[PDB]
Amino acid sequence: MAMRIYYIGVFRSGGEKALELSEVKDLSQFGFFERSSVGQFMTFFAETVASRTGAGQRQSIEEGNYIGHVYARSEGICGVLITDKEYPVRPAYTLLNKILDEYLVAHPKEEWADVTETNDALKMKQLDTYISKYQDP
């Protein structure tokens, strides 16, 4: 029923492991008490599936009751959506392509290709909106 999106993030596919450049979550579905551990899980889960994903590869990893939709583009970045196990796939993949197309336009490669960490100029504000908007397709 309630097909939610708990996380959306953009990573830079690197060697060691992907670097999260911009992220947003929606933990309003959990208790105020555990929104700390749940958040931590999301971050770790997102990074884990971003590092596992090769360039030009799209996959959906199942972890418990969540699903990590991830797509690593050739240009070097990788999008990750952590939604409910039964969140509609097609809509999910369409959002990843939207986020990735827009991010690649907004932040040229030289802005994040060689950064040890992320910064404000590498953040994507539209996410704040996309995570709420695309809830329950």
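From 1 onward, residues are counted along the sequence shown.
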Item checked: Mean C-alpha B-factor comparison - 64-72 and 36-44, higher one -> 36-44
Note to self: Tell me which stretch, 22-30 or 98-106, has the higher mean Cα B-factor listed in the entry.
What the structure shows: 22-30
Checklist line | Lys85 CA temperature factor, ranked by third within the chain | finding: highest
Next item on the list: Comparing against every modelled residue in the chain, figure out the third that the C-alpha B-factor of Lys17 lands in (lowest, middle or highest).
Entry: highest
